[PDB]
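See structure below.
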Amino acid sequence: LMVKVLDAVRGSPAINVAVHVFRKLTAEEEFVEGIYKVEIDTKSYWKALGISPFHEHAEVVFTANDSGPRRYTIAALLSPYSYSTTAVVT
Amino acid sequence: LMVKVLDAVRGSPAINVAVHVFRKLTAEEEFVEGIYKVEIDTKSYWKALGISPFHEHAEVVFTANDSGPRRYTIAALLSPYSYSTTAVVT
Amino acid sequence: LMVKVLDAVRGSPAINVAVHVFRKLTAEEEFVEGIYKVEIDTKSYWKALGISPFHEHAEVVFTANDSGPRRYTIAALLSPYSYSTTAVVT
Amino acid sequence: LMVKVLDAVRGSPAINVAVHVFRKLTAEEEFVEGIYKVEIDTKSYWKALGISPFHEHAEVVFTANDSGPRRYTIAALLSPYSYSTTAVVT
Amino acid sequence: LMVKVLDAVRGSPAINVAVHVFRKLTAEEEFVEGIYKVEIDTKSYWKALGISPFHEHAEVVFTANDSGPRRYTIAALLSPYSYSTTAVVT
């Protein structure tokens, strides 16, 4: 087994390399979850409350609101660049 | 078994390389979930509440609202570029 | 078994390479889920509530609303480019 | 087993290398979660409350609001660059 | 087993190298969680309250608000650069 990546270079590259090599309630086992992962504005209200929640005679009022002036500005995401010009002007 | 990627280079590339090589309630096993993953504005309200929730005589009022001025601006996502010009002007 | 990708280069390419090589309630096993995945504005209200939810005599009122001024602007998504011009003007 | 990455260089690259090599209520086992991970504005209200919460005769009022002027500005995220110009002007 | 990364260099690179090599209520075991991890503005209200919270006759009023003028400005995140110019002007 042999893996050769990017053996010879002559210049000014802009690279983003990832190599994985392998040989051989909520449960997880033997995994790889996040590589080069990007999250923006992620929400999660309830999760895995319990084995027996609100079992008998429960009065529940769940109310969720998401509003308001938000703003996101990104010029280059997971994007290598070379010999170029990247700008944000406001 | 042999894998050769991008052996020789002469210049200024802009690259995004990923290599995977293999030989051989909620449950997961032996997996790869997120590589180069991007998430924007992800919501999830209830998930995996429990084994016996609200089992007997439950009065529930679930209300969800999503409003409001939001804004997202992206100039290059997962897009390498070379010898170019990328700009955002407001 | 042999795999050759992009052996020789002379210039300034813009590339996005992925290589997978293999030899050999909710359940998952032996899989690859997300590579180069992009999600925007994903919602999910209820999921995998439980083994016996609301089993007897349940009064439920589920109400969901999604409104509001939202905006998304993207100039290049999963699109490498070279010797070019990419811009967003507002 | 042999892995060769970026053996020879002559210039001024901008690189982002990751190499993984392997040989062989909420539970986790034998995993790799976050490499090069980026999170912005992540929220989570309730999680893993307990084995038997609100078991009998519970009156609950859950209210969640998210508003307000927020702002995020990023010029290059997970994007190596070379021989270029990156700027943010306000 | 052999791993060779970046054997020879002649110039002024800007690199970000990570190498992992392996041979062989809430619970965790035998894992690697955060490498090169970045978090900005992360919130979490309740988590792992207890084995039997609010077991009998509980009156609960949960209210959460997030507002206010916040601002974040970043010029280069996880992005090595060389022979270039990175600036933020306000």
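Order determines the names: the first chain of the structure tokens is A, the second B, and so forth; residues in each chain are numbered 1 upward, and ligands are numbered 1 upward as they are shown.
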Using only C-alpha atoms, which residues sit within 7 Å of residue A:4 once same-chain residues fewer than 3 positions away are excluded, as a compact mmCIF listing (two decimals) with N, CA and C atoms, in the first residue's frame?
```txt
# COMPACT_ATOMS: atom_id res chain seq x y z
N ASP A 7 3.98 15.30 -4.66
CA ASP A 7 5.38 14.95 -4.41
C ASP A 7 6.32 16.12 -4.69
N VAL B 3 -1.83 4.82 -5.01
CA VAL B 3 -2.62 6.01 -5.29
C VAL B 3 -1.65 7.17 -5.50
N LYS B 4 -1.71 7.79 -6.67
CA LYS B 4 -0.87 8.93 -7.01
C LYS B 4 -1.76 10.11 -7.35
N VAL B 5 -1.64 11.20 -6.59
CA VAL B 5 -2.41 12.41 -6.84
C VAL B 5 -1.44 13.58 -6.94
N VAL D 3 3.21 6.57 3.31
CA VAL D 3 2.47 7.78 2.99
C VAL D 3 3.48 8.90 2.76
N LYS D 4 3.45 9.50 1.58
CA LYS D 4 4.33 10.60 1.22
C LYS D 4 3.48 11.80 0.84
N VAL D 5 3.63 12.90 1.57
CA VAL D 5 2.91 14.13 1.29
C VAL D 5 3.91 15.26 1.17
```
*Any idea which chain A residues end up within 9 Å of chain C if we count only C-alpha atoms, as a ChimeraX atom specification please?*
/A:13,67,79,81-82
Please produce a file of the residues just selected, as an mmCIF file, in the first residue's frame, where the atoms kept are N, CA, C and O atoms.
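Listing of result29.cif after writing:
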```cif
data_model
loop_
_atom_site.group_PDB
_atom_site.id
_atom_site.type_symbol
_atom_site.label_atom_id
_atom_site.label_comp_id
_atom_site.auth_asym_id
_atom_site.auth_seq_id
_atom_site.Cartn_x
_atom_site.Cartn_y
_atom_site.Cartn_z
ATOM 1 N N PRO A 13 1.868 27.474 -4.559
ATOM 2 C CA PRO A 13 0.488 26.983 -4.502
ATOM 3 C C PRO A 13 -0.199 27.409 -3.214
ATOM 4 O O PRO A 13 0.428 27.826 -2.240
ATOM 5 N N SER A 67 -35.901 36.082 15.831
ATOM 6 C CA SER A 67 -36.078 37.293 15.037
ATOM 7 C C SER A 67 -34.800 38.118 15.151
ATOM 8 O O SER A 67 -33.738 37.615 15.531
ATOM 9 N N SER A 79 -11.818 28.125 0.491
ATOM 10 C CA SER A 79 -11.438 28.436 -0.883
ATOM 11 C C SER A 79 -10.043 29.043 -0.920
ATOM 12 O O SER A 79 -9.889 30.270 -0.875
ATOM 13 N N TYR A 81 -6.734 30.575 -2.473
ATOM 14 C CA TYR A 81 -6.562 31.356 -3.687
ATOM 15 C C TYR A 81 -5.129 31.849 -3.794
ATOM 16 O O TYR A 81 -4.429 31.981 -2.793
ATOM 17 N N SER A 82 -4.695 32.106 -5.024
ATOM 18 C CA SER A 82 -3.313 32.480 -5.273
ATOM 19 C C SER A 82 -3.239 33.529 -6.371
ATOM 20 O O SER A 82 -4.020 33.495 -7.323
#
```
*Determine which residues of stretch 4-83 of chain A DSSP labels as strand (DSSP E) from the backbone of this structure, then write them out as JSON, numbers by chain.*
{"A": [4, 5, 17, 18, 19, 20, 21, 31, 32, 33, 34, 35, 38, 39, 40, 41, 42, 56, 57, 58, 59, 60, 61, 62, 63, 64, 65, 66, 72, 73, 74, 81, 82]}
Mind dumping the selected residues with N, CA, C and O atoms as a compact mmCIF listing (two decimals), in the first residue's frame?
```txt
# COMPACT_ATOMS: atom_id res chain seq x y z
N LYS A 4 0.88 8.63 -2.55
CA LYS A 4 1.74 9.75 -2.89
C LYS A 4 0.87 10.94 -3.26
O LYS A 4 0.08 10.87 -4.20
N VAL A 5 1.00 12.03 -2.51
CA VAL A 5 0.25 13.25 -2.78
C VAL A 5 1.24 14.41 -2.89
O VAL A 5 2.04 14.63 -1.97
N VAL A 17 -5.07 20.19 2.16
CA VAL A 17 -4.93 18.75 2.00
C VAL A 17 -5.48 18.05 3.23
O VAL A 17 -5.20 18.45 4.36
N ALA A 18 -6.26 17.00 3.00
CA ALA A 18 -6.68 16.10 4.06
C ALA A 18 -6.54 14.68 3.55
O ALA A 18 -7.01 14.37 2.46
N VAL A 19 -5.90 13.82 4.34
CA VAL A 19 -5.72 12.42 3.96
C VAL A 19 -6.15 11.55 5.13
O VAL A 19 -5.66 11.72 6.25
N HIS A 20 -7.06 10.62 4.87
CA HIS A 20 -7.47 9.61 5.83
C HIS A 20 -7.08 8.25 5.26
O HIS A 20 -7.41 7.94 4.12
N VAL A 21 -6.37 7.45 6.05
CA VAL A 21 -5.96 6.12 5.65
C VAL A 21 -6.35 5.15 6.76
O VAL A 21 -6.14 5.45 7.94
N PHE A 31 -15.83 6.14 14.58
CA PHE A 31 -16.19 7.04 13.50
C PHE A 31 -15.34 8.30 13.53
O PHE A 31 -14.62 8.58 14.49
N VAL A 32 -15.42 9.05 12.43
CA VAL A 32 -14.77 10.35 12.27
C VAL A 32 -15.86 11.33 11.87
O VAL A 32 -16.47 11.19 10.81
N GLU A 33 -16.11 12.34 12.71
CA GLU A 33 -17.29 13.17 12.51
C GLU A 33 -17.00 14.42 11.69
O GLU A 33 -17.55 14.59 10.60
N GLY A 34 -16.14 15.30 12.19
CA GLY A 34 -15.97 16.58 11.54
C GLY A 34 -14.55 16.91 11.13
O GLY A 34 -13.67 17.06 11.98
N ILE A 35 -14.31 17.01 9.83
CA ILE A 35 -13.04 17.46 9.29
C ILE A 35 -13.33 18.62 8.35
O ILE A 35 -14.19 18.51 7.47
N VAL A 38 -17.57 23.56 9.01
CA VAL A 38 -17.91 24.94 9.31
C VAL A 38 -19.40 25.01 9.61
O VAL A 38 -20.21 24.51 8.84
N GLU A 39 -19.75 25.62 10.74
CA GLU A 39 -21.14 25.82 11.12
C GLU A 39 -21.37 27.29 11.42
O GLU A 39 -20.53 27.92 12.08
N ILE A 40 -22.48 27.84 10.95
CA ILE A 40 -22.85 29.22 11.21
C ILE A 40 -24.31 29.26 11.61
O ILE A 40 -25.18 28.78 10.87
N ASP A 41 -24.60 29.84 12.77
CA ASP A 41 -25.96 30.08 13.24
C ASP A 41 -26.77 28.79 13.29
O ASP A 41 -27.77 28.62 12.60
N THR A 42 -26.33 27.88 14.15
CA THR A 42 -26.99 26.60 14.37
C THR A 42 -27.71 26.63 15.71
O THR A 42 -27.12 27.04 16.71
N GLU A 56 -46.60 11.70 33.72
CA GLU A 56 -48.01 11.71 34.10
C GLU A 56 -48.49 13.14 34.30
O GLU A 56 -47.82 13.93 34.98
N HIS A 57 -49.64 13.46 33.72
CA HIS A 57 -50.37 14.70 33.99
C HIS A 57 -49.48 15.93 33.83
O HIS A 57 -49.23 16.68 34.77
N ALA A 58 -49.02 16.14 32.60
CA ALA A 58 -48.11 17.23 32.29
C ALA A 58 -48.83 18.29 31.47
O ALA A 58 -49.44 17.98 30.44
N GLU A 59 -48.76 19.54 31.92
CA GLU A 59 -49.24 20.69 31.17
C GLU A 59 -48.02 21.47 30.71
O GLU A 59 -47.30 22.04 31.53
N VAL A 60 -47.79 21.50 29.40
CA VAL A 60 -46.58 22.07 28.83
C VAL A 60 -46.98 23.10 27.78
O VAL A 60 -47.87 22.86 26.97
N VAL A 61 -46.32 24.26 27.82
CA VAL A 61 -46.48 25.30 26.81
C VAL A 61 -45.09 25.61 26.28
O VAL A 61 -44.29 26.26 26.96
N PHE A 62 -44.79 25.15 25.07
CA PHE A 62 -43.50 25.39 24.43
C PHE A 62 -43.67 26.49 23.39
O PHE A 62 -44.50 26.37 22.49
N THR A 63 -42.89 27.56 23.52
CA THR A 63 -42.94 28.68 22.59
C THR A 63 -41.52 29.08 22.22
O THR A 63 -40.69 29.29 23.11
N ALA A 64 -41.25 29.19 20.93
CA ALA A 64 -39.92 29.53 20.44
C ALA A 64 -40.03 30.61 19.37
O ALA A 64 -40.83 30.48 18.44
N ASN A 65 -39.23 31.66 19.50
CA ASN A 65 -39.19 32.74 18.53
C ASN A 65 -37.74 33.06 18.17
O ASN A 65 -36.86 33.03 19.04
N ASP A 66 -37.50 33.34 16.90
CA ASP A 66 -36.18 33.74 16.42
C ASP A 66 -36.36 34.90 15.44
O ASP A 66 -36.91 34.71 14.36
N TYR A 72 -24.25 38.46 8.27
CA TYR A 72 -23.04 37.67 8.11
C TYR A 72 -22.44 38.00 6.75
O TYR A 72 -23.17 38.09 5.76
N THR A 73 -21.13 38.20 6.71
CA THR A 73 -20.43 38.55 5.48
C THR A 73 -19.12 37.80 5.44
O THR A 73 -18.30 37.94 6.36
N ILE A 74 -18.92 37.00 4.40
CA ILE A 74 -17.73 36.17 4.27
C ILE A 74 -17.21 36.31 2.85
O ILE A 74 -17.98 36.28 1.89
N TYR A 81 -6.73 30.58 -2.47
CA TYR A 81 -6.56 31.36 -3.69
C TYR A 81 -5.13 31.85 -3.79
O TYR A 81 -4.43 31.98 -2.79
N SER A 82 -4.70 32.11 -5.02
CA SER A 82 -3.31 32.48 -5.27
C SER A 82 -3.24 33.53 -6.37
O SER A 82 -4.02 33.49 -7.32
```
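Relative to atom CA of residue B:55, atom CA of residue E:25 is found at 22.0 Å.
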